[PDB]
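Encoded as structure tokens, the following chain is the form solved without its partner chain, with no partner shown.
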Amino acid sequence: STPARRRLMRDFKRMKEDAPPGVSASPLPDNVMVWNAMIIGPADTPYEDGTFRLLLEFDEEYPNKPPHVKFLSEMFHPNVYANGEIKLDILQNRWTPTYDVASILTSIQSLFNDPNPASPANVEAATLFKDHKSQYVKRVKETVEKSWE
């Protein structure tokens, strides 16, 4: 069967036994092209302890094209669009076939630590991040609470 399906079972085996801290992911039972994921808000960031759910969608072009990924949880982060999609260069202009599910999620998670207000997907959020730090944190925390519920 397909290269994509083969690459994807590798990624799964990877996530099933040796998954990075604070992140997890798995296909649907009956459709390996679609995955639920979750990233936990890392410590000492305003996002701390949030449980942010994502959706990874693949097609047969994988791994020559990145998957489509978006948060299903309400987000407030300078590099996440309103529709949940993520402005991260390895998912757009700078993808290479060496990335897998594990490494995508850890690249995303690292945005929680060091956002990039230089490339804003959420302009409201980029703005607060530079000009109203206190207001920014309060918005993030609202997001944290909603992620539980």
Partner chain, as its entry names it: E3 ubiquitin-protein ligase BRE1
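Residue numbers count along the first chain shown, from 1.
There is another form of the same protein, the form deposited with its partner chain bound; it is not shown, and what comes next is about it.
- In the entry with it bound, at least one heavy atom of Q109 sits within 4.5 Å of a heavy atom of its partner chain.
- Although the partner is absent from this view, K133 stays clear of its partner chain in the entry with it bound, with no non-hydrogen atom inside 4.5 angstroms.
- In the entry with it bound, its partner chain sits beyond 4.5 Å of every heavy atom of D59.
- Looking at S147, you'd find a heavy atom of it within 4.5 angstroms of its partner chain in the entry with it bound.
- Only one of the listed residues (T51, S103, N113, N31) places a non-hydrogen atom within 4.5 angstroms of its partner chain in the entry with it bound, and that residue is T51.
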